[PDB]
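Residue numbers (this note's numbering), protein chains in the order written: chain A, 27 to 55; chain B, 30 to 313; chain C, -5 to 577; chain D, 69 to 117; chain E, 4 to 259. What follows is a single structure, written as structure tokens, with notes after it.
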Amino acid sequence: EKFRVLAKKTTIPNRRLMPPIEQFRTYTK
Amino acid sequence: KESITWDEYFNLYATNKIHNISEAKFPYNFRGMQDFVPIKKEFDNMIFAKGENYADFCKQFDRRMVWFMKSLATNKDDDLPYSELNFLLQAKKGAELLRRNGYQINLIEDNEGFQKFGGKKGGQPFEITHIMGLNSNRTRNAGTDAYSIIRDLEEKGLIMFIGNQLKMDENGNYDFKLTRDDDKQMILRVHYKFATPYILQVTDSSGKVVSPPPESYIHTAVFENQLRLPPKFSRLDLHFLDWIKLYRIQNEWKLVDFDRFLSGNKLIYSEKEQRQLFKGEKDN
Amino acid sequence: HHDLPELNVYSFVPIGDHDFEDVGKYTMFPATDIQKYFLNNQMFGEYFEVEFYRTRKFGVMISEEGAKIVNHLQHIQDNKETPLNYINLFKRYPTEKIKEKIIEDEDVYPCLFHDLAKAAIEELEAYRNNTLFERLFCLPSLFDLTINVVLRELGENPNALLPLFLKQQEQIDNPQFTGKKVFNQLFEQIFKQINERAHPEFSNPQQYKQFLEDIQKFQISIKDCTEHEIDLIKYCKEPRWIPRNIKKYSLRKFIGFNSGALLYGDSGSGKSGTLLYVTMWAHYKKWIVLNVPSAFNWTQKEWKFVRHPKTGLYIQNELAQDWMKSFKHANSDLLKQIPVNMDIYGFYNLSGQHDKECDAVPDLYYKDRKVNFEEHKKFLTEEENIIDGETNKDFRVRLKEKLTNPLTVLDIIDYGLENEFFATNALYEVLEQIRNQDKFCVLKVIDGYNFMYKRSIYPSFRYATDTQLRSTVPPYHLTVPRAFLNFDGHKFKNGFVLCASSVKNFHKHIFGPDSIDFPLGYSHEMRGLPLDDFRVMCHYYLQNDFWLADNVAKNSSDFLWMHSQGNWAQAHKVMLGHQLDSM
Amino acid sequence: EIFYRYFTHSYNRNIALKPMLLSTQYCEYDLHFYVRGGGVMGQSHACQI
Amino acid sequence: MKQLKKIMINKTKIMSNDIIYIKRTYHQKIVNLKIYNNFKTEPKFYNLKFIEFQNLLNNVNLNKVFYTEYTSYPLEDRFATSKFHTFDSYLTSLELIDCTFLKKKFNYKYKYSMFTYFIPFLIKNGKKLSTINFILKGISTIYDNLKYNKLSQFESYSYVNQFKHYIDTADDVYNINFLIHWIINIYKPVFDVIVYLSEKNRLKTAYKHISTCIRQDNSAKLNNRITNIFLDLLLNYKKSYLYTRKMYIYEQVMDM
Ligand SMILES: Nc1ncnc2c1ncn2[C@@H]1O[C@H](COP(=O)(O)OP(=O)(O)OP(=O)(O)O)[C@@H](O)[C@H]1O
Ligand SMILES: [Mg+2]
């Protein structure tokens, strides 16, 4: 789901649902 | 294209004649009706019984089937219960042709045969379903395209049709109001199962009988009513399912189907099917 | 990122035919309808200076209260056009079960209520000279008892009252029926019992049980059909019985759909926008509207006033002569159609007073002071008393004399605007003229009803005895407020009243029907707007450049409902004041 | 008492709801907090904590 | 049943459907609409919405919740995705400031944003809520006159039309933090009465010459006073009495 209604006229979206740059420096040094 | 009377329709379309009665169209299935199993759901006992006996509410249905039987064997109108056109216009062709072909029909009470076998007589609706978005008149409703279907609560009894386009009026004029109101329209179909000793027999001119003997002694039909909507502004402060408990009946029931004539009715129709379909029309 | 959402804002339908599904969305009109219906760009609240001054559009919201109120009026505006046959109903169903089928329908109960009151109005005109009925029937409260108490028994003992309704249609279907009708014989036998049984003093419209217990019984005696006798004590537990289908959902504890209503609540709760959706709706179905966009300008602001010697009524002529231009410029096309009943014309004095009516300024006795009210003439001199007789004659004239046999309403108004000296006597006489009609409804519209019962700038010395007034003039003595002060909607056949209470100038001012001694049931507390409607408010404004939004604010719509608790004005400050940027 | 009817001006009001932006859980909850002591500005900053 | 008996007895009559739902464009159906007293009055504005009204009815959510649980209106999916748009943006209003200016004991809690940092130079006798009002009734008046009023008020200055060109491209400008950080992007005074200024002193000195000039204006009310100076900085991107003061000082440095 994405949305759930709490009560009358209250809609809200629900919420109760390899870095390269290091890959280089770790190689060089 | 032009306005046509009641009887002229029969005299124009029932001109055909056939020697074989089984080849001739006829709704009342003499032999081979099947005991259907009673379905049970949650949203069926909510309005079907409301401070009333489950049986006496069904006994009326047990009676309105009767005059329909007499209405076939006897060309009559006061007996003819409240029902649609497209069935009657297609049901009396199956009857009046036999009258033109020289055959005869008579209503018979075979008490003994019904006592020779089979359980007692009684009406029990084996299927009760609510639908939404449509009206009982089979001409306002459009094709399958504009309607959007919600098959979610089919298990409990509910189906909801919602339109994508604008519906027309008597004058042929679109509305935005009509779509919104159409989305409220609820209908209550019921499939009945009524075992009966009364039956029919066809008898050729100078013929004691020409039809086969029945095996079933059970017959079915469909009744419908387009309901009154709730009070205005009742939807707001209520849950949905608690809001459908408040629809109420004032319009009379309406026979639709009979022994799976036409394989059960359909509300939606293709464009050509609507054209071949006729409706009664007033002007001013 | 700025992949924000869009949203639809406006109702698909037009304004005459909304339903609950369109409660959130807006409507639109030209900007010309303001000048067309509301003269000189004065409207309810500040919709002109604030919302229209920026948007340049006459956009209007739909409220839960607004459409629900409009539901009631459409019945009144249909019973008139298509009345009901009493007989053909009971043919359908047994006389045993009428309540569960007939009475408790929404489309049937008002059709019964709407008819019994018309018969009641015809008789009350006889009981107008009585001081007592001024005290009881100034409100609609006790009316709705007597009209409902007849109907509740129709569910209990239909075998004793059902014949009345049935032959009433025989009397209507019989032309050449000179005698009175059944109900006009019914209510007469009621009111006579009131004068004889009720307590003269201490009889209140606001309190029910004191009125019922003072009237142990009704006793009807019709010559043809009935001698039915009634016990009122059974309807004492629940003086306000009302069918469930209307009243769980029409308006919170709202009872008088035909009489009127009243809106109270905190500032900016939404009251001064609901009736704007009504006033416009009132015109587009061709129903008369009596605008009073603000009573603050009448009661808390300077206008000339002049006193009459007999009566304490301070005449106002310039004030009325401006208002009538507003009532004229909006409702011009209808008034031409409308003729006059000259049997009614010409009983209103120049100071507004009517012949039959009680004295509009009786001599009151303040018990605590142990002195009368008339005593203030002791401080007067001889010359003023001599001048009074000179004014008593100069103000003696009435409008009947100089104006005889008009044909329409405008013929009174065109003469009223043309001559300052006869504005009041032309104003009031129009009110009888609109009130006794059966071609068009009446809709009395007020914003700032609170300001009336509050004290006024208008000074005098004769009200020094009232420690509350403190040398001021009440507006129930001022002429022009008399037309509208009286919460008398029941008096109008095919009529309705709407009132409101503005508290912008006041802080934390609890206003309600306890401040004004006012009956229950005829009021509706405002409350703030819900979330999903408070959402489209923002998206409506952002599309129309009303308030200028940070990217912080474009999705704060469902956040500000905390910051405002659904209140309008607490947002407008944020929307216009940009107080967000502080936090 | 009601929120707009106790904390009138908004700078008293945004303080108490500054966390509620930081949570992104707007309208999920119902709030009831009781306070006594001090003045308005000092009475609001406690609501942050 | 009344309509039935008439048709049974051959009182009323029957014919086929003139009404059939043919696929047509959204524009063609405009001819057959049923309009009431209101769409007529405002034609130009509604007549373009019948194109949009009918389009939305195609694209409807088949979600259970908007129909089957409580009252509510069908929404798009972006409403759930962009829930972080406030939380991600409000920080950026604050990311202008380096918090290293403010890490002292219990000052960050009361002074974190730019707007929280102007006021104390303007506070008189401990009143803050008053100063917050006077500054906003002024700055709010700036945005309103530029939008809805004429520009005779804005006849003197030169950056007038060049400022709206910066508004409509960026609604970020309505943040007072971004209004003035833009002003301070013009005016980063590195030197003053001769001394080098670190970042923690460069920022401070820019504000006093504002707060002083606010008190030097002739107009009585702060609302009137405070407007005139922001106009001298906003509407003169190149010039000001306060900026020409600065540019006068570099010459003293460069010559010396
Ligand atoms: N129905 C509405 N449609 C559009 N805008 C509205 C509506 N109701 C309120 N507003 C907006 O809120 C503003 C004022 O609120 P409203 O007119 O309801 O005053 P109020 O509730 O009577 O408060 P007060 O008692 O202080 O007068 C309006 O000018 C308008 O900007
Ligand atoms: Mg108001």
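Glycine included, each C-beta is placed from N, C-alpha and C at the ideal position.
Where residue i falls, given that 16 or more other Cβ within 10 Å makes a residue buried
i	result
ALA255/C	buried
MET117/E	buried
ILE240/C	buried
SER244/C	buried
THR28/E	exposed
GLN255/E	exposed
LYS35/A	buried
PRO243/B	buried
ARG169/B	buried
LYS301/B	exposed
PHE50/A	exposed
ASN73/C	buried
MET274/C	buried
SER161/E	exposed
Nearest candidate by alpha-carbon position, reference residue i, set the options
i	options	result
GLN144/B	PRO56/B, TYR246/B and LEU217/B	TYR246/B
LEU110/C	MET446/C, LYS175/C and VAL546/C	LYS175/C
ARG209/B	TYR298/B, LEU195/B, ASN313/B and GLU113/B	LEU195/B
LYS149/B	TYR227/B, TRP96/B and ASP212/B	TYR227/B
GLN331/C	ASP405/C, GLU351/C and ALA417/C	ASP405/C
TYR276/B	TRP282/B, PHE90/B, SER100/B and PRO259/B	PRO259/B
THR473/C	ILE282/C, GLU423/C and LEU437/C	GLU423/C
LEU65/E	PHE53/E, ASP80/E and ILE54/E	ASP80/E
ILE28/C	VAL546/C, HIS323/C and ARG529/C	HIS323/C
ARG86/C	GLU138/B, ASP106/B, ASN280/B and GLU81/B	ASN280/B
CB contact below 7 Å: residue i versus chain C
i	result
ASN80/D	no
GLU202/E	no
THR37/A	yes
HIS30/E	no
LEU90/D	no
Supposed contact pair residue j and residue i - C-beta distance, whole angstroms, cut 8 Å
i	j	result
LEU148/C	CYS105/C	About 13 Å; that fails the 8 Å criterion.
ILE407/C	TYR447/C	Actually they do not touch by this definition, with Cβ atoms about 29 Å apart.
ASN40/A	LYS28/A	7 Å
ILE135/E	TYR79/D	6 Å
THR71/E	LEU265/B	With a Cβ gap of about 15 Å, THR71/E and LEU265/B do not count as contacting.
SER517/C	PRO524/C	Actually they do not touch by this definition, with Cβ atoms about 21 Å apart.
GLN214/B	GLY162/B	6 Å
Below-7 Å beta-carbon distance, residue i vs any chain E residue
i	result
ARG264/B	yes
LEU99/D	no
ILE184/C	no
Neighbourhood of residue i by C-beta, 8 Å cutoff - its chain only, sequence neighbours within 5 removed
i	result
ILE209/C	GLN187, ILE188, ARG191, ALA192 and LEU226
residue 578/C	Here chain C covers residues -5 to 577 and nothing more, so residue 578/C does not appear.
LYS203/C	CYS230 and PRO233
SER5/C	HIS12, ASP16, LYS19, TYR20, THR21 and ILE56
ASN58/B	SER245, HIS248, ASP288 and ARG289
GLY186/B	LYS70, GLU71, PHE72, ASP73, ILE157, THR158 and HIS159
Chain B within 7 Å of residue i, Cβ atoms only
i	result
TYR240/E	no
Cβ shell of residue i (< 6 Å), same chain only, five flanking positions each side left out
i	result
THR49/C	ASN538 and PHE540
Neighbour flag for residue i against chain D, beta carbons, 7 Å
i	result
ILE135/E	yes
Interface flag, residue i vs chain A, CB-CB below 7 Å
i	result
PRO524/C	yes
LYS67/E	no
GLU79/E	no
Contact set for residue i: own chain, Cβ-Cβ below 7 Å, skip 5 residues either direction
i	result
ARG205/E	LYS191, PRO192 and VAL193
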